[PDB]
Amino acid sequence: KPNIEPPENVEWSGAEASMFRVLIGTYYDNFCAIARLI
Amino acid sequence: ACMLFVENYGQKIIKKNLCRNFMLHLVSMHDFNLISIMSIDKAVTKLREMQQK
């Protein structure tokens, strides 16, 4: 419901998506370090 | 040990361009206990400093 701002249209590679899934499983909701590593 | 890796195999991994695989291995090792999130960040930052050099 919150965060009404539209998302920026940036595409993700399959490697990027899979490694984001792994890093989300690891770091959970710490999106800062997750984005820093990616 | 992880730090030692980037102290000796960082250049080889960078030349092989397997940095993402190294990060994945670090994540798996952390999931197997030992190391830590801070250790992962420190190792990755040490790896990045090699590429910038």
# chains A, B, ... in the order shown; residues from 1 in each chain; ligands from 1
>>> residues_around(residues="residue 27 (chain A)", least_positions_apart="5", cutoff="12 Å", atoms="only C-alpha atoms", output="PyMOL selection string")
(chain A and resi 19-22+32-37) or (chain B and resi 27+30-31+36-38+40-41)
>>> select_by_dssp(residues="chain B", states="alpha helix (DSSP H)", output="PyMOL selection string")
chain B and resi 2-8+10-16+19-31+37-52
>>> atom_distance(atom1="CA of residue 48 (chain B)", atom2="CA of residue 14 (chain B)")
9.2 Å
>>> residues_around(residues="region 22-25 of chain B", least_positions_apart="3", cutoff="8 Å", atoms="only C-alpha atoms", output="count of residues only")
8
>>> closest_residue(among="B:34, B:2, B:9, B:45", to="chain A", atoms="only C-alpha atoms")
B:45
>>> atom_distance(atom1="CA of residue 51 (chain B)", atom2="CA of residue 13 (chain A)")
22.0 Å
>>> atom_distance(atom1="CA of residue 52 (chain B)", atom2="CA of residue 4 (chain B)")
18.7 Å
>>> closest_residue(among="A:31, A:2, A:38, A:14", to="chain B", atoms="only C-alpha atoms")
A:38
